[PDB]
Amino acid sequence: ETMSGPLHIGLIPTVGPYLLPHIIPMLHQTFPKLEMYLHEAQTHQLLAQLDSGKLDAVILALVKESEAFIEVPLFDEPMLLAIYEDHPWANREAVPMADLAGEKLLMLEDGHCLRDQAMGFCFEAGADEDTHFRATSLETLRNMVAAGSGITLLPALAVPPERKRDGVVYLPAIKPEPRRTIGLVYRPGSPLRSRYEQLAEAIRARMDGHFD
């Protein structure tokens, strides 16, 4: 019927790996006849393939470039601080954002920054934001933090159950708590919009209160 057949879904690298395990089993139960194909690529590549018609829908961090499409907010995901064990802040319980000034921040060119990068910076204006690992990935960042190359912010879904793991300590960032909005995007005027909407609603429901 309405939720049958293939659906090609795109997810950005900083969302896909960590969100899928939470929603795939639920989608298999809610739509037994739906066949999902998952694709991961950077925001620009996903929005181009969505416009081309190669993808049905895309899940990403809503940014300025996704306003030309239909955006359905799914949930707000906070970001936590990741620092190596032997870092001075290791014994703190929370760290205000203003403190990131004069600290070496690792970051990614896509799906990571809190600010649109027309402002000149990614997380904090006075921070020393490294560019050498900008074209890599989230797991690369996590492992370089453990190696002591610097610190960074990671989406909550990418943080292990423990406060400390493999030489990395994860702690809350406050005043204000950094957050990003993950949403489902699709072509406006799309003939199969009813299907995309039902899909977005099922995900919003499952993730509701996940970070409370």
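Residue indices: 1-based, along the sequence shown.
The mean C-alpha temperature factor is higher for 161 to 169 when 140 to 148 and 161 to 169 are set side by side. When the two stretches 89 to 97 and 127 to 135 are set side by side, the higher mean Cα temperature factor goes to 89 to 97. Sort the chain's modelled residues by C-alpha temperature factor and residue 176 lands in the highest third, per the entry. The entry lists a Cα temperature factor for residue 31 that places it in the middle third of the chain's modelled residues.
Among the modelled residues of the chain, residue 42 sits in the lowest third by CA temperature factor in this PDB entry.
Residue 84: CA B factor in the lowest third of modelled residues in this chain (values from the PDB entry). Annotation for residue 59: CA B-factor lies in the lowest third of the chain's modelled residues.
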